[PDB]
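Asker: This is the structure, below, for whatever I ask next.
2 protein chains.
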Amino acid sequence: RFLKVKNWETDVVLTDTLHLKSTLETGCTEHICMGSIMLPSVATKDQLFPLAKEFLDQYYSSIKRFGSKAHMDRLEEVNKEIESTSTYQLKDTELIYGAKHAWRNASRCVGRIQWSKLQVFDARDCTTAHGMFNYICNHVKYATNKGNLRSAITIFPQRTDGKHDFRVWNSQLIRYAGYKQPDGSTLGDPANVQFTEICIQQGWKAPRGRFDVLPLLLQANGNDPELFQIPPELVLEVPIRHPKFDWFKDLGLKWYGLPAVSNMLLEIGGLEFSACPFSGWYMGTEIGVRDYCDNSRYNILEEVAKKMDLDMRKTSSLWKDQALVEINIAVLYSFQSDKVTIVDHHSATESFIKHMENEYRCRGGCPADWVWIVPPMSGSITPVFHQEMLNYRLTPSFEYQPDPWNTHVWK
Amino acid sequence: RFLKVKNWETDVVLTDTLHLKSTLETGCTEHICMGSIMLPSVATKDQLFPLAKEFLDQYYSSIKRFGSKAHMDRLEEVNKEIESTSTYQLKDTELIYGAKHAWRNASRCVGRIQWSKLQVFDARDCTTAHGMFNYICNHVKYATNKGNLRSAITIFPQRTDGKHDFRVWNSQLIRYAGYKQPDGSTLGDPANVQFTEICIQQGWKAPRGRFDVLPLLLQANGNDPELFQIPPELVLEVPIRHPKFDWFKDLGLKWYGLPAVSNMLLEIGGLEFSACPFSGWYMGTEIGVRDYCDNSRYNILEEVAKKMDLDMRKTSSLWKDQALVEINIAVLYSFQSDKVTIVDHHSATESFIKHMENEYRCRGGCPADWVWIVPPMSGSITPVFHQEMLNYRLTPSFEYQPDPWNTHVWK
Ligand code: HEM
Ligand code: HEM
Ligand SMILES: N=C(Nc1ccc(CCNCc2cccc(NC(=N)c3nccs3)c2)cc1)c1nccs1
Ligand SMILES: N=C(Nc1ccc(CCNCc2cccc(NC(=N)c3nccs3)c2)cc1)c1nccs1
Ligand SMILES: C[C@H](O)[C@H](O)[C@H]1CNc2nc(N)[nH]c(=O)c2N1
Ligand SMILES: C[C@H](O)[C@H](O)[C@H]1CNc2nc(N)[nH]c(=O)c2N1
Ligand SMILES: [Zn+2]
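Have a look at this one:
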């Protein structure tokens, strides 16, 4: 009931008691581990108050007023509001605390050493798609900060009955279109082919090219979603060059500077924020390994290896591995030379170990998903590979949610 | 109760029912996933018969005689022997079946497409350390097969009371010594510094160099263990060269051809084989990534990157990654050019996906430990990265066991 996690490169042993405060379930049982399953698996007024009290108890505990008068009054205040409306409203402080701790609790996030430096934009007064566009544009501008990227989240009104949901239909605020071809192939980003066509459906005029920034499909108060084009001046992009290979420019690669996830659900004190786009900055491998080299994405290992004059006949020449490293040197160099914030997997994973030490010390643990914390290349030459991590679900949290077009009663 | 595992690079969905036959526990619970914990966690006559019946039921099921007469007679035969001796003895057939299915069931093993091509050497007649030496030498010779490596296991007598244990004290039949220095550093292999000194304790005359093949410390029928030197002609080694870089020979690296794990416990039908060295062949990354580049092992990234004239100032130059790929190209090339069996992580992981398809089809599932199946480099450009895997414990199995020197009543 006081579990030990060991690092097998440093022999450092940490004791986890934070998992006792864990609430939701993992998918694993005593007889089957599901730690590599990608997606493991209205709310009534009765269930709502324990969730609110639990959250308020940790909130007031964190500002050194657990069990105090202001705590008990707010406890009764929220209870009374849950009796009346069968929901309640967070204080601006509680909202900022909740968001930061959702990030703090995201066991799949290697970036969490930054969890308390988070800019929270309260968009709970938003009522229309245009207001969402406006809030999102200001989020992009702020977070991007001329390349000195700043972490931020924008929080649209919480779910109520379920039929009045705020949703950003994009998976990320900024992402490249994907179109299939006549010859059945794919131009742009295969990840977003379905979404790219939904925009064409709702009325997008697609410039059927490669790195075409998709419009925003924004759903406000449950209404049908509406298209908006982010001002191109708000969309910072990095042309990808290599510090040694000058043909690398000929590759004509580029990526956007701001990773801003928009399809996830923020849960705070039993309250559900179905539109909560959050952004930080990229770890290089996200672009150079997954975005550029997944077979189901841009899949550029073919071309890079060609131009490097690599033995592509035998699988065992490791030509894929060799081209993979060159690609990630190029992403890092291009972002850094352009003064666009980026972190390499070595710096980010070292920081996560240091983050883990902090959390075990000042918090009793750090929920952590090894399958996701270890980078998609060079696993064991990073310190997280050798770090045992206990995964468990703490709240506040970021949750997955259905794509809105699979659930939305249209019109 | 009929779980689905998905591949997110092919969209292939497999249905697992084999996990229903799972028996032992995983370490995970509904509230905490331990899938990245490295080591998760006498036997009486009462517990022994269900374990034997369970094993015999799958054995006779596999030779198309489940519930037949020979099955029931052997069931009664084993029951009667467990009544008499409070243990029992496997038939040679049952022993070969059990070993193969222990390998088949090893969820951390990416090599299991070969699980049924396994040479089982019955050493249950062995009584002394010298007999162990003899059996082990024949295992080495057979398995090595002039470089056309052949998988094999040698199975010494099963545990009885507990104080009469056969143990190979080496972690692997073939491994390099590790000695600390006067300046507190380490020569050879830091992994085996403790074991290397135990041999010096029991009487080894160490040639205090780098790639010094350790002697065998063999414990027979619970007696104190005894040193034996494997004939050097039985120890096939590969000098590590690169197909492009001729300074790579100057590195003077070499590794042994035969990975042969000797410290694990084979469980068959509740019976415990505490000395069961098994060998196959290497996946390249084992040597080139872990053996050569773990900070706690040979740790050669420093030197390789130096000789490649790599920007070692910044962490973000990915100089570690770049030297890592060169090292693994060199291991593969050296083994292949020497006609010593080796598999690259691309071929081995593709084979494991194909192995998984077979097992889900003809067996209802394949227990698989993603944390261990995904190679220590180039994770996501291999197909296992994108393969959801359910981990669960099937028997027969290979189990970890204490190091014998922490448990052995000496003299
Ligand atoms: C500040 C720099 C940050 C870095 C370097 C970083 C890094 C990462 C990376 C590499 C992943 C893996 C995602 C993938 O492979 O698809 C991830 C996941 C995640 N990040 Fe962070 N992140 C940062 C900021 C944030 C912020 C500000 C939040 C929330 C406010 C956040 C919440 C999450 C969540 C919830 C996940 C899990 C997503 C999932 O399960 O699919 N991250 N992060
Ligand atoms: C024939 C070619 C084989 C290949 C390419 C292969 C590959 C591997 C690799 C790369 C690992 C990870 C080990 C580590 O990283 O330390 C592993 C683990 C393992 N292998 Fe296989 N192996 C082969 C044969 C065998 C055989 C013949 C057996 C048993 C008879 C076996 C049983 C196991 C077990 C039990 C583990 C898990 C060890 C642990 O949990 O520490 N393997 N294998
Ligand atoms: N779609 C697929 N599955 C799939 C399902 C779910 C997911 C969730 C991925 N969340 C994206 C994400 C989440 C969190 C962080 C990042 N990055 C970042 N630095 C940041 N953003 C914002 C702040 S930091 C990116 C990803 C993939 C497929 N894969 C292959 C063929 S289909
Ligand atoms: N000792 C450490 N922990 C640790 C604890 C336990 C283990 C178990 C590793 N089983 C070695 C092994 C097992 C199975 C396969 C291989 N390979 C092979 N191809 C084959 N052999 C035989 C047939 S195939 C190798 C490994 C490491 C440390 N790591 C860093 C600092 S300490
Ligand atoms: C099957 C497996 O769970 C899936 O590929 C996961 C593996 N680990 C990952 N880790 C990160 N950071 N991101 C991912 O998309 C994935 N994908
Ligand atoms: C902490 C973590 O469980 C540990 O480093 C594991 C990770 N995955 C591994 N995978 C393999 N094949 N071999 C290993 O030794 C390890 N080590
Ligand atoms: Zn688990």
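As you go down the protein sequences, you meet chains A and A' in turn. A prime marks a further copy of an entry chain.
All letters in the first sequence, in the order written, are residues 299 to 339, 348 to 717 by the entry's author numbering.
All letters in the second sequence, in the order written, are residues 299 to 339, 348 to 717 by the entry's author numbering.
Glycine included, each C-beta is placed from N, C-alpha and C at the ideal position.
(1) Would you list, in chain order, the members of the region 670 to 687 of chain A' that have their beta-carbon closer than 7 Å to a beta-carbon of chain A?
(2) Figure out for me which residue from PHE472/A, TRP510/A, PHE462/A, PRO463/A has the closest Cα to the Cα of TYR485/A.
(3) Check distances from the C-beta atoms of the region 585 to 603 of chain A' to those of chain A and list, in chain order, the residues that come in under 7 Å.
(4) Specify, as a first and last residue, the run of the beta strand (DSSP E) that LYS319/A' falls within.
(5) Hey, how far is the Cα of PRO708/A' from the Cα of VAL715/A'?
(6) Would you check if the region 546 to 562 of chain A and the region 314 to 331 of chain A' touch, i.e. whether three or more CB-CB distances between them fall below 8 Å?
(7) Would you tell me roughly how many angstroms separate the C-alpha atoms of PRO488/A' and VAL474/A', rounded to the nearest one?
(8) Can you check whether the CB of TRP676/A is closer than 8 Å to the CB of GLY333/A'?
(9) Quick one: Cα of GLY490/A' to Cα of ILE606/A', how far?
(10) Just checking: is the beta-carbon of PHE691/A within a distance shorter than 8 Å of some beta-carbon in chain A'?
(11) Are the region 494 to 514 of chain A and the region 609 to 621 of chain A touching by the rule of at least three beta carbon pairs closer than 8 Å?
(12) The beta strand (DSSP E) spanning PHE704/A covers which residue range?
(13) Is the CB-CB distance between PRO496/A and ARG603/A below 8 Å?
(14) Is it buried or exposed for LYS626/A', if we count other Cβ within 10 angstroms and need 16 for buried?
(15) Decide yes or no for the touch test of the region 299 to 307 of chain A against the region 687 to 696 of chain A: beta carbon pairs closer than 8 Å, at least 3 of them.
(16) Threshold first: 4 residues or longer. Then list the alpha helix (DSSP H) segments lying entirely within the region 544 to 625 of chain A, N to C.
(17) Could you please go through the chain and list the residues whose beta-carbon is closer than 6 Å to any non-hydrogen atom of ligand 2?
(18) To which residues of the same chain is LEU354/A closer than 6 Å at the C-beta, ignoring the five residues directly before and after it?
(19) Considering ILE459/A', what are the terminal residues of the beta strand (DSSP E) in which it resides?
(20) Given this structure, state the Cα-to-Cα distance separating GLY404/A' from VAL384/A', to the nearest angstrom.
(21) Which of the three DSSP states is assigned to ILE648/A in this structure?
(22) Per DSSP, what kind of secondary structure is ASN476/A in: helix, strand or coil?
(23) Could you give the first and the last residue of the continuous beta strand (DSSP E) run that contains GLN425/A?
(24) Measure the alpha-carbon distance for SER622/A versus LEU559/A' and round it to whole angstroms.
(25) List the DSSP bridge partners of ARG699/A'.
(26) Can you give me the C-alpha to C-alpha distance between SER339/A and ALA349/A', rounded to a whole angstrom?
(27) Please list, in chain order, the chain A residues whose beta carbon lies closer than 9 Å to that of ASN305/A'.
(28) Does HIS548/A come within less than 8 Å of chain A' when only Cβ atoms are used?
(29) What is the DSSP secondary structure of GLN525/A, reduced to helix, strand or coil?
(30) Is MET683/A near ligand 7, going by C-beta to nearest heavy atom under 7 Å?
(31) Helix, strand or coil for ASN454/A' per DSSP?
(32) Can we count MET570/A as close to ligand 1, meaning its CB is less than 7 Å from some heavy atom?
(33) Show which residues of chain A have a CB atom less than 7 Å away from the CB atom of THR647/A'.
(34) How would you list, in chain order, the residues of chain A' whose beta-carbon sits under 9 Å from the beta-carbon of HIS652/A?
(35) Tell me which residue opens and which closes the alpha helix (DSSP H) that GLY404/A is part of.
(36) Determine contact between the region 461 to 474 of chain A and the region 567 to 583 of chain A, defined as no fewer than three beta-carbon pairs at a distance below 8 Å.
Answerer: On the basis of the data shown:
(1) Those residues of the region 670 to 687 of chain A' that come within reach of chain A (Cβ to Cβ, closer than 7 Å) are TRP676, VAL677, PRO682, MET683, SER684, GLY685, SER686, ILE687.
(2) The residue labelled residue 485/A in the question sits at position 179 within the first sequence. It is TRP510/A whose Cα lies nearest to the Cα of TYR485/A.
(3) Only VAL595, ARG596, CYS599, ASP600, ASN601, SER602 from the region 585 to 603 of chain A' bring a Cβ to less than 7 Å from some Cβ of chain A.
(4) Stepping through the second sequence from its first residue, residue 319/A' is reached at position 21. In this chain, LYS319/A' is not harboured by any beta strand (DSSP E), its DSSP state being neither H nor E.
(5) On the second sequence, position 402 is the one that residue 708/A' refers to. On the second sequence, position 409 is the one that residue 715/A' refers to. About 13 Å.
(6) At 8 Å Cβ cutoff, the stretches do not touch.
(7) Along the second sequence, read from residue 1 onward, the residue named residue 488/A' stands at position 182. Along the second sequence, read from residue 1 onward, the residue named residue 474/A' stands at position 168. Counting only the Cα atoms, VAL474/A' lies some 30 Å from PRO488/A'.
(8) Taking the second sequence and counting its residues from 1, one reaches residue 333/A' at position 35. Taking the first sequence and counting its residues from 1, one reaches residue 676/A at position 370. Yes, these two residues count as a Cβ contact at 8 Å.
(9) For the purposes of this step, residue 490/A' is taken as residue 184 along the second sequence, with counting starting at 1. For the purposes of this step, residue 606/A' is taken as residue 300 along the second sequence, with counting starting at 1. Going by the C-alpha atoms only, they are around 18 Å apart.
(10) Reading the first sequence from its first residue, position 385 is the one you call residue 691/A. Output row for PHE691/A: interface = yes.
(11) Contact check between the region 494 to 514 of chain A and the region 609 to 621 of chain A: fewer than three CB pairs, one atom from each, fall below 8 Å, which does not count as touching.
(12) In the first sequence, the residue the question calls residue 704/A occupies position 398. Per DSSP, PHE704/A belongs to the beta strand (DSSP E) from 703 to 705.
(13) Along the first sequence, one-based indexing puts residue 496/A at 190. Along the first sequence, one-based indexing puts residue 603/A at 297. Result yes, Cβ atoms of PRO496/A and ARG603/A sit closer than 8 Å.
(14) Indexing the second sequence from 1 puts residue 626/A' at position 320. Its Cβ being crowded by 16 or more others within 10 Å, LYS626/A' is buried.
(15) These segments touch.
(16) Here the runs fully enclosed are 553 to 556, 607 to 613.
(17) Counting every residue whose Cβ lies closer than 6 Å to a heavy atom of ligand 2, we get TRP409/A', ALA412/A', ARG414/A', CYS415/A', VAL416/A', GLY417/A', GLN420/A', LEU424/A', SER457/A', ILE459/A', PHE584/A', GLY586/A', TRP587/A', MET589/A', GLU592/A', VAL649/A', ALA654/A', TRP678/A', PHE704/A'.
(18) Within the first sequence, residue 354/A is the residue found at index 48, counting from 1. Excluding sequence neighbours, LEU354/A sits near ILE388, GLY576.
(19) As a first step, residue 459/A' must be located in the second sequence, where it is residue number 153. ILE459/A' -> beta strand (DSSP E) spans 458 to 461.
(20) In the second sequence, residue 404/A' corresponds to position 98, counting from 1. In the second sequence, residue 384/A' corresponds to position 78, counting from 1. Take the alpha-carbon of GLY404/A' and the one of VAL384/A': they are about 16 Å apart.
(21) Within the first sequence, numbered from 1, the residue matching residue 648/A stands at position 342. Three-state DSSP puts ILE648/A in a strand.
(22) For the purposes of this step, residue 476/A is taken as the residue at position 170 of the first sequence. In the structure shown, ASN476/A sits in coil (DSSP, three-state: anything other than H, G, I, E or B).
(23) For the purposes of this step, residue 425/A is taken as the residue at position 119 of the first sequence. That run of the beta strand (DSSP E) goes 425 to 428.
(24) As a first step, residue 622/A is located in the first sequence; it is residue number 316 there, counting from the start. As a first step, residue 559/A' is located in the second sequence; it is residue number 253 there, counting from the start. One C-alpha to the other measures close to 20 Å.
(25) Mapped onto the second sequence, residue 699/A' falls at position 393. BP columns for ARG699/A' point to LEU322/A'.
(26) Taking the first sequence and counting its residues from 1, one reaches residue 339/A at position 41. Taking the second sequence and counting its residues from 1, one reaches residue 349/A' at position 43. Distance between the alpha carbons of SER339/A and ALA349/A' is about 38 Å.
(27) By 1-based counting over the second sequence, the position of residue 305/A' is 7. Ordered by position in chain A, no residue passes the 9 Å Cβ test against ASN305/A', which lies about 10 Å from the chain.
(28) Position 242 of the first sequence holds residue 548/A. No - not a single Cβ of chain A' is within 8 Å of the one on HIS548/A.
(29) Taking the first residue of the first sequence as 1, we reach residue 525/A at position 219. Of the three classes helix, strand and coil, the one that applies to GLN525/A here is strand, per DSSP.
(30) Position 377 of the first sequence, counted from the first residue, corresponds to residue 683/A. Annotation for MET683/A indicates a beta carbon at 7 Å or more from all heavy atoms of ligand 7.
(31) Along the second sequence, read from residue 1 onward, the residue named residue 454/A' stands at position 148. The answer is coil: DSSP assigns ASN454/A' none of H, G, I, E or B.
(32) Counting from 1 along the first sequence, the entry for residue 570/A is found at position 264. Yes, Cβ of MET570/A sits closer than 7 Å to a heavy atom of ligand 1.
(33) If you number the second sequence from 1, residue 647/A' lands on position 341. For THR647/A', no chain A residue has a C-beta closer than 7 Å to its own C-beta; the minimum C-beta separation is roughly 12 Å.
(34) By one-based count along the first sequence, residue 652/A stands at place 346. Within chain A', the residues near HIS652/A are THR621, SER622, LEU624, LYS626, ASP627.
(35) Working through the first sequence from its first residue, we reach residue 404/A at position 98. Here the alpha helix (DSSP H) through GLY404/A covers 398 to 410.
(36) Contact between the region 461 to 474 of chain A and the region 567 to 583 of chain A is present, because at least three Cβ pairs lie under 8 Å.
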